[PDB]
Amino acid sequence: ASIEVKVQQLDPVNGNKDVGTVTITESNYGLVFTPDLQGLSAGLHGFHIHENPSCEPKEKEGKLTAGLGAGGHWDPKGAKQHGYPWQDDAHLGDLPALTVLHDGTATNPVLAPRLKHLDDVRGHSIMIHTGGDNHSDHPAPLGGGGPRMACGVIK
């Protein structure tokens, strides 16, 4: 059983760019997110499920802003704070951070132990941020993820 999610680098001016997939599978310990990506900025990047099945940009403060259509971190249990993948009182969408290798590719899978069934993440989006993720809202909100670099809709 798997879900293949098509991911794009987001660029409301010059055009979104295909960068590959993230394939979601079930393990005995929770959902596994296996990237097969290329063309992304190298680094450790915040990686979360967001609430809406959208990667569209939205206007904010006069600027068409990448990925805001996805809404916020998926938080169906109302934890109302950002945390660790293994933290029960954190947003359910908080995944382990995504490692983009030096050359822009990403293949290292990560486990979300609080997500147990594929159908639970359908109708949401997966987001890759420009910044990292310290799994806290301190000192920066939402782990320091900042802007939205790439995204896919989980169908």
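Quick note: we count residues from 1 along the sequence shown, nothing fancier.
Practice problem: Decide which of the stretches 128 to 136 and 15 to 23 has the higher mean C-alpha B-factor, going by the entry. | Solution: Mean C-alpha B-factor is greater for 15 to 23.
Quiz prompt | 144 to 152 set against 2 to 10, stretch whose average Cα temperature factor tops the other in the entry | solution = The deposited B-factors put 2 to 10 ahead on the C-alpha mean.
Quiz item: From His45, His102, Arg122, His48, can you pick the one with the highest C-alpha B factor in the entry?
Solution: Out of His45, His102, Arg122, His48, the record gives the largest C-alpha B-factor to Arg122.
Quiz prompt | Residue with maximal Cα B-factor (values as given in the PDB entry) among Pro53, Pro57, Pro35, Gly39 | solution = The C-alpha B-factor peaks, among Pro53, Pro57, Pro35, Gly39, at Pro53.
Quiz item: Within this chain, which third does the Cα B-factor at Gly69 fall in: lowest, middle or highest?
Solution: Middle third - that is where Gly69 ends up once the chain's C-alpha B-factors are sorted.
Exercise. Place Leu115 in the lowest, middle or highest third of its chain's C-alpha B-factors, as listed in the PDB entry.
Key: Highest third, going by the recorded CA B-factors of the chain.
Quiz item: Going by the entry, which third of its chain does the Cα temperature factor of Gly93 land in?
Solution: Middle third of the chain for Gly93's C-alpha B-factor.
Quiz item: What third of its chain, lowest, middle or highest, does the C-alpha temperature factor of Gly62 fall into?
Solution: Within its chain, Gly62 is a highest-third residue by C-alpha B-factor, going by the deposited values.
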